[PDB]
> 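Could you have a look at this structure, given as C-alpha cells, before my questions?
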Amino acid sequence: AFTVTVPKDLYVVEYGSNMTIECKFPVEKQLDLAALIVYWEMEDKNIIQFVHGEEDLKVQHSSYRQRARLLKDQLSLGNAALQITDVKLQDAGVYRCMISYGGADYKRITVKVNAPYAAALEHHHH
Amino acid sequence: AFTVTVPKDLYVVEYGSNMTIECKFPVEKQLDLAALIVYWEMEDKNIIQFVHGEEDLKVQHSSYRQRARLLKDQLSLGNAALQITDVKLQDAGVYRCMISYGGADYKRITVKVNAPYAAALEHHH
Ligand SMILES: Cc1cc(CN[C@H](CO)C(=O)O)c(OCc2cccc(C#N)c2)cc1OCc1cccc(-c2ccc3c(c2)OCCO3)c1C
C-alpha cells in the first residue's frame with residue numbers, strides 16, 4: 001500500500017526563523033516526475049501545488065507568497081520537503097501534505113511558533 | 001486541469017434521514033478502475049477509501065460503520081457519491097472528497113444537521 005510518512009509530526013519554530021517540514025513517499029528506482037503530484041496546505045490555505053513536474057507558484061495563498069517552496073531536489077529521494085522562510089505567528093497550525101504517485105495518501109504535521117511579546121502583540125491586534 | 005466539482009457545497013439534513021453528497025470527476029469514455037482512488041473524510045476521520053476497485057472495509061472510522069457507502073455504479077458516470085444513512089448530529093461538519101484519476105483534486109462540502117430536542121442531548125456527549 002502507498003504510504004506517506006513523516007519523520008516528525010510536530011515542529012517548534014521561532015518567529016522570524018526558517019523551517020523545513022518533510023513528508024516521505026516511496027520511490028522505487030528513479031522518480032517519474034510526470035506521475036507525481038504534491039500538494040501542501042494549512043487550514044484550507046493552498047501552499048504548494050506541484051503537478052507532473054510543473055509547479056503552480058502563483059496560486060499559493062497570499063499569506064505564503066514569496067515565503068514557501070518545495071525543495072525539488074528532495075523529490076527524487078522520495079522527500080516532499082516544504083521550506084517556509086521568515087516564519088510568522090499565522091504559520092502555526094496543522095499542515096497537510098497530499099501525495100499522488102501510483103497510489104495516494106496524506107499526513108498531518110503540526111507547527112507551533114514561539115514569539116516574543118512584540119511580535120505577539122502585533123499578531124494580537126492585526 | 002483535472003477538476004473535481006461539487007454541485008452543492010452545502011447540505012442541510014434532518015437527524016435520522018439519509019443523505020447523498022455528491023462529487024463529480026471527469027471520465028472521458030470507459031472508466032479505468034485500476035487508476036481510480038476515491039477517498040472521503042470528515043475532520044480527518046476516514047469514511048471511504050476506494051482503491052484498485054475495492055473498498056478497504058476495516059479502515060472506516062467506527063462512527064460511520066454500517067452507515068456510509070460509496071455507490072459503485074455511479075463511478076463509471078464520474079460520480080463519487082457518498083450515501084450516509086441514519087444521519088446523526090455528529091455527522092455535521094466539513095467533508096472532503098479526494099479523488100485521484102490521472103490527476104488529483106478535492107472539494108469541501110459542509111453538512112448541517114437539524115434535530116429535535118431529544119436527539120440534541122448529544123449535548124451530554
Ligand atoms: C487511498 C488513500 C488511503 C489512505 C490510507 N493511507 C494509509 C497509509 O497512511 C493506508 O493505506 O493504510 C489515506 O489516508 C488518509 C489518512 C491520513 C491520516 C489519518 C488517516 C486515518 N485514520 C487517514 C488517504 C487516501 O487517499 C488520499 C488521497 C486520495 C485521493 C487523492 C489525494 C490527493 C493527492 C494530491 C492532491 C490532491 C488529492 O488534491 C489537490 C492536488 O493534490 C489524496 C491525498
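Side chains are part of it too, since the values below use all heavy atoms of this structure and drop only hydrogens, waters and symmetry mates. Sequence lines set the chain letters: A, B, ... in the order given, protein chains first and strands last, and positions in each chain run from 1.
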> Could you go step by step and tell me if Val113(A) and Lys88(A) meet the side chain to side chain contact (heavy atoms under 4.5 Å, CB included) rule?
CA-CA 7 Å; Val113(A) 177; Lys88(A) 306 288 178 197; over 6 Å; no
> Over 60° means perpendicular and under 30° means parallel, so classify the ring planes of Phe2(A) and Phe25(A), tilted if in between.
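Rings of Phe25(A) and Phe2(A): tilted, 30 to 60°.
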> Nearest 0.5 angstrom please: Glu55(B) CD to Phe50(B) CZ, how far?
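Spacing of CD (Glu55(B)) from CZ (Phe50(B)) equals 6.0 Å.
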> Measure the shortest side-chain to side-chain distance between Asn18(A) and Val87(A) over non-hydrogen atoms and say whether it is less than 4.5 angstrom.
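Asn18(A) vs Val87(A): side chains apart.
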> Show the nearest heavy-atom pair for residues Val27(B) and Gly78(B), with the distance to one decimal.
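Answer, listing the atom of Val27(B) first, then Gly78(B): CG2-CA, 3.6 Å.
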> Just one of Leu33(A), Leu75(A), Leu31(A) clears the side chain to side chain contact (heavy atoms under 4.5 Å, CB included) bar with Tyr101(A), so which one?
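Of the listed options, the one satisfying the test is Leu31(A).
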> Between the side chains of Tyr64(A) and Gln90(A), is a donor N or O closer than 3.5 angstrom to an acceptor N or O?
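There is no such pair between these side chains.
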> Between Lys45(A) and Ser63(A), is there a side-chain donor-acceptor contact under 3.5 Å, judged purely by atom types and distance?
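A pair is found: one side chain offers a donor N or O, the other an acceptor, under 3.5 Å apart.
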> Donor-acceptor pair, distance only, cut-off 3.5 Å: does the side chain of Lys72(B) make one with the backbone of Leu70(B)?
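Answer holds: yes.
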> Please report the closest heavy-atom contact between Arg108(A) and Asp9(A), naming both atoms and the distance.
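Looking at all heavy atoms of both residues, the shortest contact is O-CB, 4.0 Å.
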> Look at the side chain of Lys107(A) and the backbone N and O of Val4(A), then say whether any donor-acceptor pair between them is shorter than 3.5 Å.
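Side chain of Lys107(A) to backbone of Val4(A), a donor-acceptor pair under 3.5 Å: yes, one is there.
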> Would you sort out whether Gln49(A) and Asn46(A) count as a side chain to side chain donor-acceptor pair (under 3.5 Å), showing the intermediate values?
CA-CA 8 Å; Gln49(A) 172 185 314; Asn46(A) 45 252; 5.9 Å; no
> So do the side chains of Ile48(B) and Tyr39(B) get within less than 4.5 Å of each other, counting heavy atoms only?
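The answer is no; the side chains never approach within 4.5 Å.
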> Is there a side chain to side chain donor-acceptor pair (under 3.5 Å) between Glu14(B) and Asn114(B) once you walk through the steps?
CA-CA 5 Å; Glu14(B) 306 297 316; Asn114(B) 290 328; 3.1 Å; yes
> Kindly indicate, with the supporting measurements, whether the criterion side chain to side chain contact (heavy atoms under 4.5 Å, CB included) is fulfilled by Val38(B) and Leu82(B).
CA-CA 10 Å; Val38(B) 175; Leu82(B) 170 62; over 6 Å; no
> Can you tell whether the side chains of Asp44(A) and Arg96(B) come within less than 4.0 Å, N to carboxylate O?
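A salt bridge is present here (some side-chain N lies under 4.0 Å from a carboxylate O).
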> Short question: side chain of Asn79(B), backbone of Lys24(B) - any donor-acceptor pair under 3.5 Å?
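Here the side-chain-to-backbone pair does not exist.
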> Any side-chain heavy atom of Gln83(A) sitting closer than 4.5 Å to one from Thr85(A)?
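In contact.
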> Tell me yes or no: between the side chains of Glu41(B) and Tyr106(B), is some donor less than 3.5 Å from an acceptor?
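There is no such pair between these side chains.
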